[PDB]
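Only one structure is covered here, and it is reproduced in the block below.
Basis: the model, the stated rules and, where named, an outside source; nothing here is a laboratory result. Cβ sites come from the backbone with ideal geometry, for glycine too, and all protein chains shown count toward neighbours.
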Ligand SMILES: [Zn+2]
Ligand SMILES: [Zn+2]
Ligand SMILES: [Zn+2]
């Protein structure tokens, strides 16, 4: 058999399914959400693919593996080692960038280290080396009275164990050795791990720059230069480093010893920018809080940290308190008196101000304030003053910004001076990294370069240069041309992240692999779709075999074989509805998929659309943030708006970092940092903002649908207030798995335990003591309508909904969860196991569980995610419902149906990153399909 075969897969609601798949095909898994698609694809097939292979690695890791919950199948075979390509992790670590993620940056450092020449930062003369003598002369010329410790870094972070070395240093007695930070009396050194890299510097002298101490000055400096390989580092008291091999000709100091490849890593201290330490950024309070038009009243407030009841009454007073005392009152707009504004911001006059207050009873007749409560110090103060979430709440008046020293570049300047001489500029590695598009970098690295990669360096760095462009190549291929090497890894969308992984994997040149991909058409424009299907195929064609969980027409159309997964949701699914070619699937009358796919079903374009109100329009003005080009954009209120456009066009920066962040500030009063812009129009036409993020519901198995929606409180009471419970004296609290009495003590009531996996990813294994119940057995003695807590927590929501039809206080929450489509989800199903869409959808069911006051605004970022056709159809009703109450709903989408249904679309582009951040078209679908310049328009037009 050239076949992948599975018998009796039972992993979740999977009903002992058997499959006979064509290896060396692009297989696509398909069906309604919560069909079991993923349990089969990822939890069983892949999971086993990986496992069986890894078991080989070492007979040891074979044990470390033993402690996994091997997926529940009976027999599988024709199984290639598997590799997952989902969109699960968007790690927030600051230092890590595309460059780093793709290892491309790594190669860059080798390329720079070993070809292309360094320069001094100021004088700039090609950089020479330097004789111990004129290193003694530099230091002799120093400031008299300066005191510094001649220090010699014999070991610059290399690894070893240095017992022999410590002796040779007690051999001429030092007693002052710093290793790995901590200082050790060189009589008594520490034992070192030969395995860990190390940092051993001996103090050679504590000195001072007297004229005629020249003898010890000269006599120490030569010794350190000798003992630590020509490196002295004098570390002052009133540090500066000197290298034998790297020197400004004209005697400027250079703050970096070797030009070694690490010296480029803004992760190593050696290259990293000293100020921000290669973080690139500094959190730094903007003068931005404000609104220039409003000023100082309670109804008219100016200075944002100072707008309340007691806080507001208190500071307004003190402003005008100095405001006839500097002549600016409390009734001029912020953009009004230049002298006046610099006051509340800086320290200004610093003249005691008259503060009048009513005493504890009424007494009054006291007090001043030693200070104009200097505003930018209210900040430093209160960030310090109250330890809390509040601290981040105050942080909301600061803005990450590039570091002035390192220019944002996260780099020690001397490094920035190293230079690859190709065409217009021998741009720094960072100049190359910060290049606008992958193509921008590829062009210089790929062409502008080899053709002046000199005959010495072609021999020593030529291969490296090749390895780089190959890699840039594949990036273009996955259509990532538009981002830059230097972009932060965390910022990239799940799609973008995934699209990268695909570039890495496709390049890997691996054959015989089973790649299991999770919905890669996500966050990808309809345009780039047929492009990606190619890269997918060429991945198969290389000699691999794919399984793609998907609901996209084109991808499915293009599949070699299709498994359609049990019809219905949860219990109702988990069976192989279809498994065969595309045509054959169309024939299948039981495929909900086939229905839509054949045409028996569709989502129909509303014959009468919602009409837009010009007078009632929410408007972002002058959006400057990232690639947005100071645009003005108006979203019509009380209607369905899709923001569309290709990946990288600013869809997110607009709607999320600016449009949403403002509304959260102006309607729900979070103190959250909106992306740089001018302002937002009207806005008082709205009660509140609902941002249905796709972020996880919770990071712990503590968070549950029962918890999150808060139905569990209402159930814990239904339980405590029961015949069996009261006879035992059980309060509502015991039924809370969060709370010391009644929850199992081994899991602390989570039900499962996160067992660290080392090379493989960490995974939850059900607790042995509990079996994953959450509760100790005595607590489970208690029933309600013949079901314990664990049982009722285990119910599908759809199931629990019928079960609680009686208590309509609880039934409300459950109906909306069923309405939102999550019927199939288990009431107390650990939050970490929810798909970003499910999580999104749960949050959505929380606001549905509220009074729909006809002027609230909903922001749905890719709500289409992880949904089947039919699922979309259901969801759209939920949305029109919402909008028919006259609520405003704004949606970022690539999905055609959703777009073709919207009443208004805003199309950003034209391209991604640098090209883009403009409005390519806006109007009704009909209008936009009309704009020939619009990509969204192109596709939209085939449907309109
Ligand atoms: Zn210089
Ligand atoms: Zn910096
Ligand atoms: Zn337990």
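For the reader, a short list of remarks on this structure follows.
- In this structure, residue 279 does not qualify as away from ligand 2 (no atom under 16 Å from the Cβ) and either closer than 23 Å to residue 112 by Cβ or outside the structural domain of residue 429 (by CATH) (or both).
- Test for residue 517: is it under 27 Å from the mean Cα position of the chain (by Cα) and assigned to a helix (DSSP H, G or I): no
- Comparison of 663, 628, 618 shows that the only residue that is surrounded by 19 or more Cβ atoms within 10 Å (Cβ to Cβ), farther than 29 Å from residue 526 by Cα and assigned by CATH to the domain that holds residue 889 is 663.
- Residues that are within 18 Å of residue 460 (Cα to Cα) and either within 16 Å of ligand 2 (Cβ to nearest atom) or surrounded by 18 or more Cβ atoms within 10 Å (Cβ to Cβ) (or both) within the stretch 111-141 comprise 111, 112, 113, 115, 116, 118, listed in sequence order.
- Members of the stretch 263-299 found to be in contact with a helix residue (DSSP H, G or I) (Cβ under 8 Å, 6 or more places away or on another chain) and not in a loop (DSSP other than H, G, I, E, B), listed by number: 263, 264, 283, 285
- Across the stretch 700-709, not a single residue is classified as closer than 19 Å to residue 616 by Cα and either in the same structural domain as residue 529 (by CATH) or surrounded by 22 or more Cβ atoms within 10 Å (Cβ to Cβ) (or both).
Rundown of residues vs (1) under 26 Å from residue 665 (Cβ atoms); (2) in contact with a strand residue (DSSP E or B) (Cβ under 9 Å, 6 or more places away or on another chain); (3) away from ligand 3 (no atom under 16 Å from the Cβ), yes/no style:
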residue	(1), (2), (3)
269	no, yes, yes
282	yes, yes, yes
294	yes, no, yes
300	yes, no, yes
303	yes, no, yes
307	yes, no, yes
320	yes, no, yes
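- Of the helices (runs of 4 or more DSSP H) lying entirely inside the stretch 396-504, not one contains at least 1 residues that are assigned by CATH to the domain that holds residue 914 and under 27 Å from residue 273 (Cα atoms).
- Applying a threshold of 7 Å to beta carbon distances and a minimum spacing of six or more residues, or different chains, the list of pairs starting in the stretch 112-138 at a residue that is under 23 Å from residue 433 (Cα atoms) and ending at one that is within 12 Å of ligand 1 (Cβ to nearest atom) and assigned to a helix (DSSP H, G or I) reads 118/417; 119/417; 120/417; 121/417.
- Any hit, the stretch 169-178, residues being away from ligand 3 (no atom under 16 Å from the Cβ), in a strand (DSSP E or B) and closer than 28 Å to residue 215 by Cβ: yes
- Restricting the stretch 765-782 to residues that are near ligand 3 (Cβ under 9 Å from one of its atoms) and out of contact with any helix residue (DSSP H, G or I) (no Cβ under 8 Å at 6 or more places or on another chain), the residue that is nearest to residue 742 (Cα to Cα): 776
- Conditions (1) over 30 Å from residue 406 (Cβ atoms); (2) in a helix (DSSP H, G or I); number of the one not met by residue 194: (2)
- Residue, nearest to ligand 2 (Cβ to nearest atom), within the stretch 772-789, restricted to residues that are surrounded by 14 or more Cβ atoms within 10 Å (Cβ to Cβ) and more than 39 Å from the chain's Cα centre (by Cα): 779
- The residues on offer are 792, 818, 769, and the sole one that is more than 28 Å from the chain's Cα centre (by Cα) and assigned to a loop (DSSP other than H, G, I, E, B) is 769.
- The stretch 821-831 - residue that is touching a strand residue (DSSP E or B) at 6+ places or on another chain (Cβ under 7 Å) and either in the same structural domain as residue 572 (by CATH) or in a helix (DSSP H, G or I) (or both) and, of those, surrounded by the fewest Cβ atoms within 10 Å (Cβ to Cβ): 823
- Selection status of residue 643, in a strand (DSSP E or B) and over 30 Å from residue 751 (Cβ atoms): yes
- Candidates 749, 742, filtered to the one that is buried (at least 20 other Cβ atoms within 10 Å of the Cβ), assigned by CATH to the domain that holds residue 829, on the phi > 0 side of the Ramachandran plot and over 35 Å from the mean Cα position of the chain (by Cα): 742
- Scanning the stretch 557-567 for residues that are assigned to a loop (DSSP other than H, G, I, E, B), more than 32 Å from the chain's Cα centre (by Cα) and buried (at least 21 other Cβ atoms within 10 Å of the Cβ) turns up just one, 566.
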